[PDB]
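Read the single chain below, which is given as structure tokens and is the form deposited without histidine (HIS).
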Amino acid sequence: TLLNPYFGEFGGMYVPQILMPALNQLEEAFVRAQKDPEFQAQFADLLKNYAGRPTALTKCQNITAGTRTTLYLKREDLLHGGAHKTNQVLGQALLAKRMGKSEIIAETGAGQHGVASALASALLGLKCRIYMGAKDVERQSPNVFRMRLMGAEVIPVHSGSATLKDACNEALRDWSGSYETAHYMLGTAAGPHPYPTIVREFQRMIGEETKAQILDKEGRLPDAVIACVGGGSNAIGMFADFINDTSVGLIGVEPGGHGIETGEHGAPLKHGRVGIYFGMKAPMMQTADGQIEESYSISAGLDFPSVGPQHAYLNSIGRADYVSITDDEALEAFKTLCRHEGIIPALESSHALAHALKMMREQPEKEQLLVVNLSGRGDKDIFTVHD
């Protein structure tokens, strides 16, 4: 390969032999594109004029009143589509086009990646196919309807647990037989190389913009940047540009569900076991026998049963620290931001907020300059937090 497929022990290319040329093709295209100023100018144009880049960096004065913490929120909730996912899909769509591909295959759990893939394909003239577990489709009619309105074909998968896991299975099954005309638009910074690297590079704007913005407004780098971790894309997008700034802490928040001790959570990085699945060697939600399990969280978007290999690596060497936040903890952060700042955060993003809130509240007198990545809008969750 042209690039290293591993981040220490994690990563790799664990896919059937038949799919190897597809991965080697994608890697070469990515390396070329990254060197191509024309591709770069095209990506920048769509990001700016279509998606709404650069996104705001908002100071939250009300929330921190009475403490020595200064909190800012990177406004990815203001990106077209209402989530950070949009950045990624635009670049991957241009990559598909650069390869002479005319079809897009995509997986989705909560529906967000599907909506993002459907909009990128509509705009760029690609035929989009989306796989969604039958359980998720039933539970996600608004997003399925959005995907369909956007011209995408939505296909329910009834195999296994009929959820994300299984949708991810069907997508690769399809891809192994259609890679010659279709490109698989993977939804997170996980899966077989070159996906973890590609998604990071197409999500990098986030931290790059956050750096310039904080330098302008505070004349200093942040003490720590915090992000929720479902599969790892919004988190790595935030972290990347700060990795070499050793004084800047990198904190990833995994869903604790009803509590780690109950077993009802979605935190494989800190509480699962290393396994090999989804074309990757990484920490996983797994039975003692090695049967793949489901992740649980009040937030549907944090249900990927594993985690990006770069995170597992950043953790092992001590560069980044990972923690968890329970459903109730995230509900509280959600409620709090609504009332004090007038911003409705996605329940996914609320896990990151909840942790910055703990950091503040636990040590009110500590001088701290914090940045939370508000990865998405919460209009989506109004009914969930309602009942």
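Note that residue numbering begins at 1 and tracks the sequence as displayed.
A summary of the deposited B-factors shows that, of 219-227 and 161-169, the stretch with the larger mean C-alpha value is 161-169. With 79-87 and 254-262 compared on mean CA B-factor from the PDB entry, the stretch scoring higher is 254-262. You'll see in the entry that, of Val248, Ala240, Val154, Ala182, the Cα B factor peaks at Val154. Going by the entry's values, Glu38 shows the largest Cα B-factor out of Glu38, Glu341, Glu27, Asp328. Among all modelled residues in this chain, the alpha-carbon of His311 has a temperature factor (C-alpha) in the lowest third. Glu362: CA B factor in the middle third of modelled residues in this chain (values from the PDB entry). Placement of the Cα temperature factor of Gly66 within the chain: highest third of the modelled residues, per the deposited record.
Among all modelled residues in this chain, the alpha-carbon of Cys60 has a temperature factor (C-alpha) in the highest third. In the deposited entry, the Cα temperature factor of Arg204 places it in the middle third of its chain's modelled residues.
As for the form deposited with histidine (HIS) bound, it is not shown, yet the points below apply to it.
Only one listed stretch (218-226, 256-264, 109-117, 285-293) carries heavy atoms within 4.5 Å of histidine (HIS) in the entry with it bound, and that stretch is 109-117. Within 4.5 Å of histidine (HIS) in the entry with it bound, a heavy atom is found for every one of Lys85, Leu164 and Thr188.
Looking at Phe304, you'd find a heavy atom of it within 4.5 angstroms of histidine (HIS) in the entry with it bound.
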